[PDB]
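Chain identifiers are assigned alphabetically (A, B, ...) following the order of the sequence lines, protein sequences preceding nucleic acid strands; residue numbering begins at 1 within each chain. Hydrogens, waters and symmetry mates are skipped; everything else that's a heavy atom, side chains included, is used.
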Amino acid sequence: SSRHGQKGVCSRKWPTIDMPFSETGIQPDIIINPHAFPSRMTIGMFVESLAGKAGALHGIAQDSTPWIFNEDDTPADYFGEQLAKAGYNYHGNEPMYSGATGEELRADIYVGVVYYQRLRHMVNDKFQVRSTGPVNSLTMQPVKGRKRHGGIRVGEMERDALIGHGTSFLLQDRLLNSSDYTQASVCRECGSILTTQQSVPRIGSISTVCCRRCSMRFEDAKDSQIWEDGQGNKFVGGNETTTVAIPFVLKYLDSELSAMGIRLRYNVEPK
Amino acid sequence: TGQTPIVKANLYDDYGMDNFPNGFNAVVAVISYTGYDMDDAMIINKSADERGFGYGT
Amino acid sequence: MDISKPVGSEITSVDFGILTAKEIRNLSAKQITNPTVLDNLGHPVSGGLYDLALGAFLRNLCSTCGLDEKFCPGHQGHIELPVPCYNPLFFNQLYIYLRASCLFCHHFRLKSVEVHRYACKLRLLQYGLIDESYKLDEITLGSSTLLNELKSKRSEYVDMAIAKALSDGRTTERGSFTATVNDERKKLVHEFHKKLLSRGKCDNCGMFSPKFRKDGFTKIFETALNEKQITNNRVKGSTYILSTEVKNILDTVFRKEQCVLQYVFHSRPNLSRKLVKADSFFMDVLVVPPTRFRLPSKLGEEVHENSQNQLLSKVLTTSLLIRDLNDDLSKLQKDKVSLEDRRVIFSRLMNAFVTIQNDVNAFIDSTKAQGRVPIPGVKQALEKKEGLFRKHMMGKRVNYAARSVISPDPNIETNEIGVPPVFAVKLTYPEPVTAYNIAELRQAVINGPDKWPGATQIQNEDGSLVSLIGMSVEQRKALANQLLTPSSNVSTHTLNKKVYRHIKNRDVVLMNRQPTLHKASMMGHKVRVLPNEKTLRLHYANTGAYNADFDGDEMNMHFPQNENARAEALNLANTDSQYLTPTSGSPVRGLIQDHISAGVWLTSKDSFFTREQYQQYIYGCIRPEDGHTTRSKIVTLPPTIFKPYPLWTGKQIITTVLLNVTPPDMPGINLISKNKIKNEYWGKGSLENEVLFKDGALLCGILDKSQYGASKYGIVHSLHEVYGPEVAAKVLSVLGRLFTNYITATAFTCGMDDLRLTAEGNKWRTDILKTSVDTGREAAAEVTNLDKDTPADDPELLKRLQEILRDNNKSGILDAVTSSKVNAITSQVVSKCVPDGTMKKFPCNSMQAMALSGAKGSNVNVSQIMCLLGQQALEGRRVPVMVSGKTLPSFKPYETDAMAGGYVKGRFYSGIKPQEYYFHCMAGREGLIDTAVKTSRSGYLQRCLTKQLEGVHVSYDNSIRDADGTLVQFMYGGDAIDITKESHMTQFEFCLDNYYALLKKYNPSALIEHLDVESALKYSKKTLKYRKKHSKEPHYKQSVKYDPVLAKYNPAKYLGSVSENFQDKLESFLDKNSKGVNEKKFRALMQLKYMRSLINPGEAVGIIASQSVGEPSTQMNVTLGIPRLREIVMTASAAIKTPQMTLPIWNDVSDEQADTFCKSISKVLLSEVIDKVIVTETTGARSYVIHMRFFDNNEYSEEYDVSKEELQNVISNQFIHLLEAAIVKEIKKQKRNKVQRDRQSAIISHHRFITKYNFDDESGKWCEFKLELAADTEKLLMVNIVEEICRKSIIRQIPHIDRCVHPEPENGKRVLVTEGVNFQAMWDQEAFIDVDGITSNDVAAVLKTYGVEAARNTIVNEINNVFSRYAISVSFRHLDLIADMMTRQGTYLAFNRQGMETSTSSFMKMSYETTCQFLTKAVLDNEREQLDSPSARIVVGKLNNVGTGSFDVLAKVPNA
Amino acid sequence: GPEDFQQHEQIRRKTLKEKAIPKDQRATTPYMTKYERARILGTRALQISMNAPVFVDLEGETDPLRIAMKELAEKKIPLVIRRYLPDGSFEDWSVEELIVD
Amino acid sequence: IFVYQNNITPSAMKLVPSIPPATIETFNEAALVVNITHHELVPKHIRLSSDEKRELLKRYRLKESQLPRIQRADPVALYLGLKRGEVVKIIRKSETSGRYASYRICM
DNA sequence: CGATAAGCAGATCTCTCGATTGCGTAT
RNA sequence: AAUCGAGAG
Ligand SMILES: [Mg+2]
Ligand SMILES: [Zn+2]
Ligand SMILES: [Zn+2]
Ligand SMILES: [Zn+2]
């Protein structure tokens, strides 16, 4: 940035041969577009380029404290006279040549010296890319923060933007397929997310998925539909369980509702 | 490597700001030439960059 | 999501219900008893909260399932509350039901027959029987035996109705639930509960039951019966209640009234047949979530315990305390002990009961606790923005996304993104290996995770994830060679390996810059991988859509992972499809500043190019090897000038650029338009303001911002229309490359020479500014009504200026008048000095050039830099003034100088003085504050609108409706045409000129075999003929013999099915001009264009409308702007801040009669006619003499239409009565000519303590009346009350109307606007007011008097004229859709929680706000939402219904 | 036991057959909507990526989405769009029966 | 159709709906002196017969409840004498597409 | 019953950093 | 994890 609020990021390191060069032989180290001025109206930067050129030519320092000039003694006139008395022109323009074609440019180019500050907002503190990494515990969504390798957030407005485009698979890929996609198990009989478990197998058998809610105890019920826990409590009951594709915050919401004493029944399509 | 401004207020010395340089005097061309600085961007000379222009740690 | 792991099942819908205590114990894994989680040595304690039965915990295998922490889902558990507790969610409804029954008969205090009536009505409302509920009220007209007959008849009628509705198909066994039946059910239940609350004695036993009081929660006290209550009780024949006893009371009541409670607690037919029970309202067995959901955090060494565990352990401590203390009561019952220590243990038991109830209350909700940081409860965990819905369902953190700063790149394609090499090695894509992929997937695997293009992982057939990160070249080569090996396992013979290849150049990416105000701020880009930096490179044309600049902005970059998301981003969300925004159909892309200022130079007449320069420019901007040409070989033009030597032109450069991008075997564009630079800027006789294209050759005018940019009907827009969006994207890219290579060859610059004036220019400027010396003094002399040319130091002028300073409104008048004068001076200076006073002139003057050209800036900026900054305006006034009348320490008090008021004569070229600098800083600070306030206030409107509109879309019936089927509109805007395709429908000259290209693109020949061409056209001709015969009649008198064609024929299937506006305009065009394109083929092409310009089924029109009403609201006596939008759509306030009625005047009423009517209608208070009032208190018992001095009759009888008689009547009737009422209330607060004679006698007799009365009946000048008080009375001011009474007493006022002002007529018609709304008051004034055209501002009032549709019209008009003052063009389709959503139930529903209650999907409202309340109401009614709104599917994880979810996809397998 | 399933299957098939709109009277747009085109391309690309048979000449191409676009150009996509009316009734248009744009 | 000059007592208001199938409607001499259907904002409402009402419902595959609703107490509904359950056709003059037919249901 | 004067409730983009997080007490 | 403070668009 200059000392006139003309902030901007560095867009390219232009090679010096491709930089435009002047009749003096010098190539500017900063290029600022002329379109930054008409709306911002920072004429102080223009007069500072003028005065800086004049000062670097005459080996002097010019003061810029406000209200030393007026409308009868214009800084343009002052620094222009100083520039004319050194061999450069009144208006601070210089004949420059294109560094790519070598032809002289269509008009004289406004050059000068202005004081430039380098701000602390580097790009090395701003870029972040995540493919996969650490996740939150109770949601299984990516963690927050650049310093922890955590994903960026697709909020409510981005969700509305995805709906507005009609891009349904885009919204699915953002909010489900790449955030907290889990292939959970749902009891087809009772429609509860988290009342099921893997059974502890016997020797040479295979573990199965079984519902706790939809199973009665083997003791209370006076070889295929009998399953065991780690504690050994035998069960004979609900094996009508399937697999769905849900988020994980859905399961956490189910637990937070169960804590409230509210049940959610999820009806699966094929029964 | 900071520098003192060529164009400075009289109060730049009164507060001794030269003890704490804040920037560098740069040769600035107000020119639409590159195509890579239109909205608010700006272009820095590659050779000046390699000569220590605007370096910091 | 892995595409190689399909899921067979799918959650169709969800149903809310109560978790009963029996099933909780049935499914549980362990009961939690000891309030300790961990013993010494850091291990879980059996029976504690971290029990191994609740799930694995820190390397301990779960004891329920036997799996480690990664593979253990968690397991539920419970704790046993010794005493039932009130469920804090259901406390209000349980309390309502408790205080509605009778404790003796265990029924409600309401009549049993009325309870049966409500049960029948709700059973009807459970089905599609919305009107039978009102046809059941007639059964009354047609004691116990009579009541039994009545109830039998009602049951018979209900059963008959439901059977008929089921048998004829109007309802199924699962009921018909919609928004209107939900509204009716809610109203019926609300009135049912109110009727239960409005009882004092039971109708079936007459025995009074004790009242109840509510201190909050966790407690309930019953007031004991009064003496009079027990008096009636015996003839008929503070206390703290217990949780078990209230459970028993409500259990008895529910057991008795199950019949009505089944239809109160079920909004659908209760096919389960399970009983409704009171214990559901009671928590007796809390459920503990699994250890997985209650794990403890470990932030280095700080390892706190879970807050939920803390609350559960507090509950457990109280439970063990009350259990142990319960054993003590066993000792004082078997053993005969004196009731003292029994009293002590009983008080401690009551304390334990209340403490455990408060513990459960705090575990569920923080606010329902007691005590005066707090640990949030479950309700607090989901309630708000930082809750769980809005932070983890509606929004989520995502994988395969990236974020970085953006930098510009004009050498990147306009539909592309510049991806740094650092992202390109971290982002991957799963690629199943085929026989056509192995060529490059093998190379990616060999390249590995570092050399782009490479691969980071290999996913085997059996799901193994082999990572290539730590491997060597030979290992990667072996893995790449065994890539496509045939599968040996049978279970995976259908699968192939997946390579997580790096993101290449053929991939597509999703880009987004926050805040996302509209869908154009999230587009698809084709990734182009660059070698150097770590920022994302963006073309300049995307900056308009993203609102992005390269000064520090960063934006997100999402990488879709499956082919469906790829295809959506490439075809639906791609950036070349977003050329026009749906807000108004205007273009949003185009080159911005340097390219515009370069085109002005390159396309002027002064630009000539040799053969070398011409060919170099063309090749540089085209480069045919990258697919830019349509001829595989560059085609040039002959030079404009042949001798002396061959010279081309820049317009020829444009012509050959078009010739090379525009496809061959298609004509060139024929566009006639303008640009921003007037002909007078180029000299005499110029015609460069008139852009002209003919066969694709630029022959006149200069290309500008009006041509390429965000401008309508320019060259790029016309190319878009004629060649599709892809060709316009190519043209944007090619033009960007052309004007960039041109800008390096012939640079562009600005400097101090561009900012200067001539000597004559400065002379004119100073001469006109000298005229501004006396403007302030004249403005002050005329506002103060003083004689003009009075000196600035006149004592009277200074006094009047001081009065004006004290009085805000007078100060505003002075400020506005002087602002107008100084603005006139500024305008004179600017017109005299620009451009005629500038030494360097356009096009050499670059400042003026880019201000005129639209590259950057404006005439105001150029004027302030070169001529004058002008008056500085704070809000809408001049600079603030001190209390001494000084506006700054420099200026003397009450100085009539324009510079003192903020009028700065300085410019930014010569610099501004100190005081001017101060005023300019004031204005700049005000602007910087206002921008922050505006951006803060914009977004809530859009959020609230989009929450409700997010589901409405276009269905294949071409009607738009919500996802629950509720039809909102039968046509989209009444015409079904897309706003993004509407731009050139009416551009008939353009379409006629480009007929052949349009025909080539539309191709009617291949679109005829699936069309019907005759019926729609015949019906359109018939309807047009009938309308021509009948379109000179009032809208009500006309008949509907022939409906509009769109109502009958599908416009997307019957050619000719078009709107009446479009058809009328097309026929008027074909009539007024005749032109070898046949007049028949042109109509055929326009009809086919209308057919192809229709909005597709599945379009998220609700989202689009909400976005296009909210996003433009960032650029923002009667309320205006965003506050008005809040009044209209957010609040739907019946109490509008500034109600108004527009009253048309009959053409035969003159201005004097108009003013007479205005004064007759406008109200006059008594205070507006009285000069002063004199109160002469005397203690000679204490008396007052109130003398009311009026304005002269010749003053007030003229100004207010008030007479002596009317005034005297008002004072005799209303004023003295109000005065005496105020006096007696004040005393109560303190106790803590015979005609004149007869009038005085009557006033004394009627009034309380008046003793004299005389009114000036001969001059209307005064009114003196005595008033005598007592001797106990304390002193009263008797002037403040008199002033208050005199203000609050009216003279002649029509209700709800304050003033009626006759403004200046505008657009011909003469109007008459009042400061209030009273429709029936002016319904009488037929003479002066055309009552048929009385249009108002209050939407609620017109809904009351005129109906729903007039309310809808005024909604559209009021929501539109807010955008009219801000000059923001919003199509009427958005406003119409919003109006029809707001009036869908026949009332004025707002977009908020109260205006959305009657909706079928509960997840939508729960995500919106008050999640607790909407969940309680969802579970009490056993609502079963079918997962239709977009919010519900996002909650559950189903593909949405809008857009690409509007249909399904089936595969045509060959063999059965 | 099983007969309960037989009844449920009969009811499901009957409701499906009642919801289907016969070909002779489908009143939806002859043109393929942009959403349908995008999803046909995406689904066909997925199927090709998962080693389905392909009905076009691969010009040495590797992008599944490009192969699907080629199939759509030559009208060789064996898919069917099932357009859903608001009441749950549906029509069935084959890909080759629709006109793009 | 019954009207009343100033007010109608509550005592006489409980018999108007008390004798079905005959319908009794109430009005005031005031608040009627202007025909609201003549107001330019109020569109043309035409009561739809059940024969074409079933045709509309079968064309759009609708329930009665899924239509836009007009209140039974809406002034135009009182004017038309709209019983509950019968739909009204509204010819709306649109700024964009001229005349298009909308439908509401009384309910 | 009812019409205000009054009381109570829930609302009012994304991203990066650093610094601190609890006092008295009874044994 | 909160709270406070500093920032960026
Ligand atoms: Mg920005
Ligand atoms: Zn189950
Ligand atoms: Zn487990
Ligand atoms: Zn009773």
| task | Using the six-membered ring of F389(C), assess whether NZ or CZ of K385(C) lies under 6.0 Å from its centre and within 45 degrees of the ring axis. | result | no
| note | Here the distance between atom P of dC13(F) and atom CD of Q942(C), to the nearest Å, is 11 Å
| note | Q514(C) has its side chain closest, among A1(G), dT16(F), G9(G), to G9(G)
| said: Can you confirm if the NZ or CZ of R99(C) lies within 45° of the ring axis of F212(C) and under 6.0 Å from the centre of its six-membered ring? | reply: no
| Sugar-phosphate, base or nothing in reach of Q128(A), heavy atoms under 4.0 Å | sugar-phosphate
| said: Using heavy-atom distances to pick each residue's nearest nucleotide on RNA chain G, tell me which of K126(A) and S297(C) is more 5'. | reply: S297(C)
| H539(C)/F550(C) aromatic ring centres below 6.0 Å | no
| task | Choose from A1(G), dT12(F), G9(G) the nucleotide whose nearest atom is closest to any side-chain atom of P515(C). | result | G9(G)
| How would you label the contact of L299(C) with the nucleic acid (heavy atoms, under 4.0 Å): base, sugar-phosphate, or nothing? | base
| Can you find a heavy atom in the side chain of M557(C) that is under 4.5 Å from one in the side chain of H525(C)? | no
| request: Mind checking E156(A) for me? I need base, sugar-phosphate or nothing, with any heavy atom below 4.0 Å counting as a touch. | output: nothing
| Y940(C) side-chain proximity, nearest of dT12(F), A1(G), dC15(F) | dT12(F)
| Hey, are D160(A) and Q1107(C) close enough side-chain-wise for a donor-acceptor pair under 3.5 Å? | no
| message | The side chain of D549(C) is closest to which nucleotide in this list: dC15(F), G9(G), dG10(F)? | response | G9(G)
| request: Counting Watson-Crick and G-U wobble pairs only, both distances under 3.5 Å, name the nucleotide matched with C4(G), or none. | output: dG18(F)
| query | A8(G) phosphate, OP1 or OP2: any side-chain N/O from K7(A) under 4.0 angstrom? | reply | no
| request: Could you work out which one of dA11(F), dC15(F), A1(G) sits closest to the side chain of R153(A)? | output: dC15(F)
| message | Applying a 4.0 Å non-hydrogen cut-off, can you work out what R397(C) is touching in the nucleic acid: base, sugar-phosphate, or nothing? | response | sugar-phosphate
| Considering only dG10(F), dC13(F), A1(G), which nucleotide approaches the side chain of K379(C) most closely? | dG10(F)
| query | Please give, in whole Å, the distance from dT16(F) P to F127(A) CZ? | reply | 13 Å
| query | Looking across every strand, which nucleic acid part, if any, lies under 4.0 Å from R513(C) by heavy atom: base, sugar-phosphate, or nothing? | reply | sugar-phosphate
| request: Output the single nucleotide from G9(G), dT12(F), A1(G) whose closest atom is nearest the side chain of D551(C). | output: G9(G)
| Base, sugar-phosphate, or nothing: which does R199(C) touch, judged by heavy atoms less than 4.0 Å apart? | nothing
| request: Counting Watson-Crick and G-U wobble pairs only, both distances under 3.5 Å, name the nucleotide matched with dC1(F), or none. | output: none
| query | Of all the choices, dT16(F), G7(G), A2(G), which nucleotide is nearest to the side chain of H121(A) once you look at every atom? | reply | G7(G)
| request: Looking only at side-chain atoms of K385(C), point me to the closest of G9(G), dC13(F), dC15(F). | output: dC13(F)
| message | Once you apply a heavy-atom cut-off of 4.0 Å, does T1410(C) come out as touching a base, just sugar-phosphate, or nothing? | response | sugar-phosphate
